[PDB]
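Worksheet for the structure shown next.
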Amino acid sequence: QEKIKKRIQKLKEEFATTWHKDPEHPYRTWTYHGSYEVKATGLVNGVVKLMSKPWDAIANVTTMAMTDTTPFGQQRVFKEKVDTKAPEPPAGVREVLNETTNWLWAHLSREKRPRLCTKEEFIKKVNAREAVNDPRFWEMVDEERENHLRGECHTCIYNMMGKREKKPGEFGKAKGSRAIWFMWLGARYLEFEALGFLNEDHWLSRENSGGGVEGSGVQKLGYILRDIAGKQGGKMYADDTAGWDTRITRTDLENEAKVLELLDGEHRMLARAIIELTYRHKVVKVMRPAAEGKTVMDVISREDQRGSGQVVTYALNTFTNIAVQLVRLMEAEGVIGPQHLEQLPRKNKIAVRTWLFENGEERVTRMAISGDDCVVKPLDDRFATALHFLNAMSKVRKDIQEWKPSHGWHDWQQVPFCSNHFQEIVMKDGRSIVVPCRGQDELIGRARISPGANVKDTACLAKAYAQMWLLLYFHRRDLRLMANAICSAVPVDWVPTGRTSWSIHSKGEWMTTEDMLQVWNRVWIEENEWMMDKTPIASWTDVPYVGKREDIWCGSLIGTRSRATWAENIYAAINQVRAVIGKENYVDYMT
Ligand SMILES: [Zn+2]
Ligand SMILES: [Zn+2]
């Protein structure tokens, strides 16, 4: 309307050559500005492939893909999951959220105090690299800061790279499609400068937030879910929101926007621009197929949507979701009902504020909130039908009838949270650990996919995944044999590279050359605050597995002929990989 002028013009200028206006574009909730012609931008780890021969016949592994940066996919994901708008909740609900979000910010700001982020802090985090080392780049930033301080935005533009899509089905919760947003690195230092304190100071850490899990490693999440289960109450609920990022309302954004009321002076002016000029009023570049197999880049805008692809995407999403789960708790406890949806009587409004103040600190500790992922153990199973405020906030549950009672789990070991479920297994020496578990077919498939184009880079990435399995998924019979086999087939002095997971709970303790038995012992015994007897483990043969029955359910191939042949001919596979990579220092870990 007014704030997006500076960015549209700069775009028209840069590509005035092939710039044209309005092919029969399909945008409905996005104001169309124009398009321009561009080069379209539309991968197997041999080592893991060689060590996982039985899984060559498994469709879920061989047919795996979740990447789509292709212009065709960019249009597909934008139309169905980005070109969509959630209706605003009625006046009553909006008011209930107001009280709830107010209480939460106060609770987050009880001890921690906000702060601007620094240039050195940004650079320290990165280790693009050859960009931050150029002082010439930082002048461009300095100009933009003054534009923000002036109340204008010039270069901060989102680019819709592609789609992330989980093939629905058996092993994991069917996550819908999501859009992948990348931006100019300069825009990343900004926003981080203004709002990075939420992440860097762990504002939504479990200590500070009570319900969140920011900073907790994926190995910690299991125990956390157990503490929740340890509390008195009904069944444990974990309802997924149907396309969370797509159903963030303007009402919620305003409540999230209450950060500004916690900032002083120049800090607020920098952040005010980020939220209003960059978050609220967006400008997005997206590819689109046209003519005779040619691809153009569209430029569009939208003003009442947060969506995704920001530095605090996780931080805010965690926050709002907590507030949401609190509201649902209130409906479930009888504080509020369907009558107060349209208009909230003050008589009830007070009961809300009283509830948050008195019970909020306890209720929040019955939660496990990591972004859109949520697990809640309410007082009673009345929670299952408390949907009136939930559906009103447009946080409609996925894969269920709009008004069908929610599904709860009696066994916390079956509760899905952050792409895993969590099993408690008893070690050989009598002690017990709570380990993460997930579809093995998915795990091996993701190991098979290499983004690079280099043997060492491939073999290090293979050793990367392998050593991850030893630390987290050692309890899976196939994965432990395959990891030890891969490590044994990769030069012992080679340092793991690349990333094995995108989950924010993946710390990367395995990205080392250290003996993983030490690292395991470090993570699961020494630093594991739920392990009282700190007695170290001597060897892997003391490190427990899950039950066979449980393992096969979760995708194991044990007790099959094809795997059995593979396990006893594992050495042949190792000797091949060694012979291909070449003369280096190898170690036999298969003992
Ligand atoms: Zn800007
Ligand atoms: Zn499992």
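Going by the entry's author numbering, the letters in the sequence shown line up with residues 276 to 317, 322 to 406, 424 to 749, 752 to 889, in that order. Cβ atoms here follow ideal geometry from the backbone N, Cα and C, with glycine treated the same way.
Inset, instruction - Give a yes or no on whether the C-beta atoms belonging to residue 688 and residue 702 are separated by under 7 Å. - result: By 1-based counting over the sequence shown, the position of residue 688 is 392. By 1-based counting over the sequence shown, the position of residue 702 is 406. In this structure, residue 702 does not lie closer than 7 Å to residue 688 by Cβ.
Legend entry - Residues that residue 593 bridges to, as DSSP identifies them: As a position in the sequence shown, residue 593 is number 297, starting the count at 1. Per DSSP, the beta-bridge partners of residue 593 are 311, 583.
Legend entry - Distance, residue 722 Cα to residue 840 Cα: Counted from its first residue, the sequence shown places residue 840 at position 542. Counted from its first residue, the sequence shown places residue 722 at position 426. Cα-Cα distance, rounded: 11 Å.
Inset, instruction - Please report how far the alpha carbon of residue 644 lies from the alpha carbon of residue 632, in whole angstroms. - result: Counting from one through the sequence shown, the residue named residue 644 turns up at place 348. Counting from one through the sequence shown, the residue named residue 632 turns up at place 336. In a straight line, the C-alpha of residue 644 is about 7 Å away from that of residue 632.
Legend entry - residue 594, buried or exposed, once every other Cβ within 10 Å from all chains shown has been counted against 16: For the purposes of this step, residue 594 is taken as the residue at position 298 of the sequence shown. Residue 594 is buried by the Cβ-count criterion.
Inset, instruction - Check whether the Cβ of residue 599 sits closer than 6 Å to any heavy atom of ligand 1, and report yes or no. - result: Translated into positions along the sequence shown, residue 599 becomes position 303. It does not: the Cβ of residue 599 is nowhere closer than 6 Å to a heavy atom of ligand 1.
Inset, instruction - Check residue 682 in the structure and name its three-state DSSP category. - result: Here the question's residue 682 lines up with position 386 in the sequence shown. Residue 682 falls in the coil class under three-state DSSP.
Inset, instruction - Would you tell me roughly how many angstroms separate the C-alpha atoms of residue 562 and residue 846, rounded to the nearest one? - result: The count along the sequence shown starts at 1 and reaches residue 562 at position 266. The count along the sequence shown starts at 1 and reaches residue 846 at position 548. The straight-line gap from Cα to Cα measures roughly 60 Å.
Legend entry - As assigned by DSSP and simplified to three states, the class of residue 800: Along the sequence shown, read from residue 1 onward, the residue named residue 800 stands at position 502. In this structure, residue 800 counts as coil in the three-state DSSP scheme.
Inset, instruction - Could you tell me the distance, in whole angstroms, from the CA atom of residue 530 to the CA atom of residue 707? - result: Stepping through the sequence shown from its first residue, residue 530 is reached at position 234. Stepping through the sequence shown from its first residue, residue 707 is reached at position 411. Near 11 Å, if we compare the C-alpha coordinates of residue 707 and residue 530.
Inset, instruction - Measure from the alpha carbon of residue 779 to the alpha carbon of each residue in 757, 888, 734, then state which is nearest. - result: Here residue 779 refers to the residue found at position 481 when the sequence shown is read from its first residue. Measuring from the Cα of residue 779, the nearest candidate turns out to be 888.
Legend entry - Backbone secondary structure at residue 357 - three-state DSSP: Stepping through the sequence shown from its first residue, residue 357 is reached at position 78. In the three-state reduction of the DSSP assignment, residue 357 falls in the helix class, which pools H, G and I.
Inset, instruction - Verify whether the separation of the beta carbon atoms of residue 694 and residue 541 is less than 7 Å. - result: Residue mapping note: residue 694 aligns to position 398 of the sequence shown, counting from 1. Residue mapping note: residue 541 aligns to position 245 of the sequence shown, counting from 1. No; because the gap between Cβ atoms is not below 7 Å, this pair is not in contact.
Inset, instruction - Indicate whether the contact test is met: 3 or more Cβ pairs, each with one atom in the stretch 499 to 506 and one in the stretch 384 to 394, closer than 8 Å. - result: Touching, per the Cβ criterion.
Legend entry - Extent of the continuous alpha helix (DSSP H) run through residue 324: Within the sequence shown, the letter at position 45 stands for residue 324. Here residue 324 belongs to no alpha helix (DSSP H), and DSSP marks it neither H nor E.
Legend entry - Pairwise C-alpha distance: residue 277 and residue 286: Residue mapping note: residue 286 aligns to position 11 of the sequence shown, counting from 1. Residue mapping note: residue 277 aligns to position 2 of the sequence shown, counting from 1. Those two C-alpha atoms are separated by around 16 Å.
Inset, instruction - Pull up the distance between the alpha-carbon of residue 451 and that of residue 282, whole angstroms please. - result: As a first step, residue 451 is located in the sequence shown; it is residue number 155 there, counting from the start. As a first step, residue 282 is located in the sequence shown; it is residue number 7 there, counting from the start. Spanning the two alpha carbons is a distance of roughly 6 Å.
Inset, instruction - Using three-state DSSP, classify residue 664 as helix, strand or coil. - result: Start at 1 with the first residue of the sequence shown, and residue 664 comes out as number 368. Taken through DSSP and simplified to helix, strand or coil, residue 664 comes out as strand.
Inset, instruction - May I ask you to list the residues that DSSP assigns as paired with residue 306? - result: In the sequence shown, the residue the question calls residue 306 occupies position 31. For residue 306, which the question treats as bridged, DSSP gives the partners 597.
Inset, instruction - Name all residues in chain order for which at least one heavy atom of ligand 1 lies closer than 7 Å to the residue's CB. - result: Every residue passing the under-7 Å Cβ criterion appears here: 440, 443, 444, 449, 450, 451, 452, 483, 486, 569, 573, 574.
Inset, instruction - Flag residue 714 as yes when its Cβ comes closer than 6 Å to any non-hydrogen atom of ligand 2, and as no otherwise. - result: As a working note, residue 714 is residue 418 in the sequence shown. Every heavy atom of ligand 2 is 6 Å or more from the Cβ of residue 714, so no.
Legend entry - Any heavy atom of ligand 2 nearer than 6 Å to the CB - residues listed: Residues with a Cβ closer than 6 Å to any heavy atom of ligand 2, in chain order: 717, 733, 734, 852.
Legend entry - Three-state secondary structure assigned by DSSP to residue 873: The residue labelled residue 873 in the question sits at position 575 within the sequence shown. Helix.
Legend entry - Outcome for residue 879 when other beta-carbon atoms lying within 10 angstroms are tallied against a minimum of 16: One-based indexing of the sequence shown puts residue 879 at position 581. Counting Cβ neighbours within 10 Å, residue 879 comes out buried, since at least 16 surround it.
Legend entry - Own chain partners of residue 832 with C-beta closer than 7 Å, once the 5 adjacent residues on each side are dropped: The residue you call residue 832 lines up with position 534 of the sequence shown. Counting only Cβ-Cβ distances below 7 Å, and skipping sequence neighbours, we find 823, 824.
Legend entry - Among 509, 360, 525, nearest to residue 802 - alpha-carbon criterion: In the sequence shown, residue 802 corresponds to position 504, counting from 1. That would be 509, whose Cα lies nearest to the Cα of residue 802.
Legend entry - Burial state of residue 860, where buried means 16 or more other Cβ atoms lie within 10 Å: Counted from its first residue, the sequence shown places residue 860 at position 562. Residue 860 is exposed by the Cβ-count criterion.
Inset, instruction - Pair every Cβ in the stretch 564 to 581 with every Cβ in the stretch 624 to 640, then say whether three or more of these pairs are closer than 8 Å. - result: With a cut-off of 8 Å, the stretch 624 to 640 and the stretch 564 to 581 do not count as touching, because too few Cβ pairs lie within range.
Inset, instruction - Determine, using beta-carbon pairs with one atom in the stretch 652 to 660 and one in the stretch 591 to 610, whether at least three such pairs fall under 8 Å. - result: The way I'd put it, the stretch 652 to 660 doesn't touch the stretch 591 to 610; fewer than three beta-carbon pairs between them come closer than 8 Å.
Legend entry - Bridge-paired residues (DSSP) for residue 444: Reading the sequence shown from its first residue, position 148 is the one you call residue 444. Note: residue 444 sits in no beta bridge, so no partner.
Legend entry - For residue 425, three-class secondary structure by DSSP: Translated into positions along the sequence shown, residue 425 becomes position 129. In the three-state DSSP reduction, residue 425 falls in the helix class (H, G or I).
Inset, instruction - State the Cα-Cα distance for the pair residue 820 and residue 762, rounded to the nearest angstrom. - result: Walking along the sequence shown from the start, residue 820 turns up at place 522. Walking along the sequence shown from the start, residue 762 turns up at place 464. One C-alpha to the other measures close to 18 Å.
Legend entry - Nearest-angstrom Cα separation, counted from residue 622 out to residue 379: The residue you call residue 379 lines up with position 100 of the sequence shown. The residue you call residue 622 lines up with position 326 of the sequence shown. In this model, residue 379 and residue 622 are separated by some 7 Å (Cα to Cα).
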